[PDB]
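Taking the form deposited in one PDB entry, here's one chain by itself in structure tokens.
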């Protein structure tokens, strides 16, 4: 009635599933009681106790023992009678999954040893008193990460006597950045504090000339999160033997973030509508999302790049892998490994918006995970870029990474995973091409300094910005930068169009422009400058094209167009000012209030083309958070969330979100509608459970206006 011919044992791919170890493995009475019996086990698992504090696992809102691999911890077993070294033999067993196998690392018998050897599992009797033995158990630093079952087995000559199933002794074993033998070892305490223990983050957005920031709750220590992270791997049917490998954990975990069909954590959406779900802009942290995923057991709607990164960062940090979110400004996504972004122009100099279909994202967020790379030559360990936002790679439409940031900076894109696609996000050239009326194409200009202009991440201790641009690229013009490019071209990166006659403009005319930062609903100026360094007189025709775009760069509508007839004297400089009125863009704005500007100019004399692009985001005023009360763990604190409608219009179905790990579970309030320029208030009583520097996080989302945030640093005390 059917044979299992594919493999002798079904795959062991679920931490949730468990078998039943026999309590009596006898080999015949031939022909007990007088043998050792376990009366109880002590794990010293209190959060104030030495195990959790020495393992840095005391923050988890979990009452079970949680330790980190490759480091010893204490347990104590109580026997029916005193243990006798001569005549007695027992061992502790760690078991994970339904089909444990010692050679697969899922069945781990811990032997009593005299001395703990570094790198191997072992139990050292550190103390014998009465009917008790105090053990110092050390795990392997390559151990599988997950929740293990614990048993104590006494070996008699006729078999094994083992403890029965006890959910109270279930032990979680995580990655250990503190352990020098661990693949994820980070030798700097301040960095471990930030990249592993910090449960609050800062995401940078906006545009390079007006960097905006908002806080995100990672909430890795919150109740249920650790278990949800194991559930993610189980849903991925991730092989238990592979869960101790940070590379494979990063690889499989990141593929689970973006949902394809009914599998995955988040459904991606950039439609500015989001029917039947929550707008990506509404989320305040990962907790909300991961718990919803866990209970519904279905993908959560909806997410965008920073949301994918926030959730993946929670996953990494919760398991013990050092992780941070990075933001790349002017990002070339969906690049197919091409190092060129095309902008097509009409013959007169206008931007041909029919052909110009590729867009540079104002910003794009991805993650970096810290680990060694034993699959690559020496020198590629460290930060590995992993982008859970899909794009076409060699396998299809999927996440990219982990890719060694070291390999990327040097152009060694031949080393897995998906390196050429990450290299192209930060190194592409903007190519300006005239698409003539006869069918031919002429390359006019090359801008090699626009894409990947600034790459940032939150600073260690502090909400500040840390510029990590030089970790990804060498400085423009440097010899090493040209060598890195050449090496990349050798390994699959491509440049379809040859650009030689290009960039050698004999005009010597410099053009540039700036846009003042504006507040939503206000007017603002745009100045275009022209420098003539030659002793020649020129006449120029310039075009201004202004569009309302998504943060991805995708344009919705051109809201303003202008033409300028400039005459430049030899050795002269001149500024022209254009005035953009609130009435021109309002009513057409998309979420994030992003605007894009093209300024192209044709020099009538030399036939040369000058081009420049810039993005702008309109500043939307933040939400106000107020705290009234005492501010002590266990005792009440009143939090008031205040939002003032900035539009001269009625906001409808205004959802406000409150969050703060260790202070409050994520909550949300729904307001029928908000009158033009009127204010609403939300008062909630909070009973914090974590002391020290904490933070309150708020967000606002309506049928129209959204992507509005607020935050407050509070100081809670102990008892």
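Positions refer to the first chain, counted from 1.
What follows is about the form deposited with a partner chain bound, which we do not show.
For a residue to qualify, one of its non-hydrogen atoms must sit within 4.5 Å of its partner chain in the deposited bound form; none of 18, 267 and 312 qualifies. For its partner chain in the deposited bound form, the listed stretch (622-630, 304-312, 604-612, 219-227) containing residues with heavy atoms inside 4.5 Å is 304-312.
A single residue from the set 175, 283, 366, 363 has any heavy atom within 4.5 angstroms of its partner chain in the deposited bound form; that residue is 363. A single residue from the set 562, 584, 78, 447 has any heavy atom within 4.5 angstroms of its partner chain in the deposited bound form; that residue is 447. For the chain shown alone, residue 341 is a contact residue for its partner chain in the deposited bound form, at least one non-hydrogen atom being within 4.5 angstroms. Interface residue remark: residue 148 is not counted as part of the site for its partner chain in the deposited bound form, having no heavy atom within 4.5 Å. For residue 359, a non-hydrogen atom is located within 4.5 Å of its partner chain in the deposited bound form, even though that partner is not displayed. Shown alone here, residue 598 lies farther than 4.5 Å from its partner chain in the deposited bound form, counting heavy atoms only.
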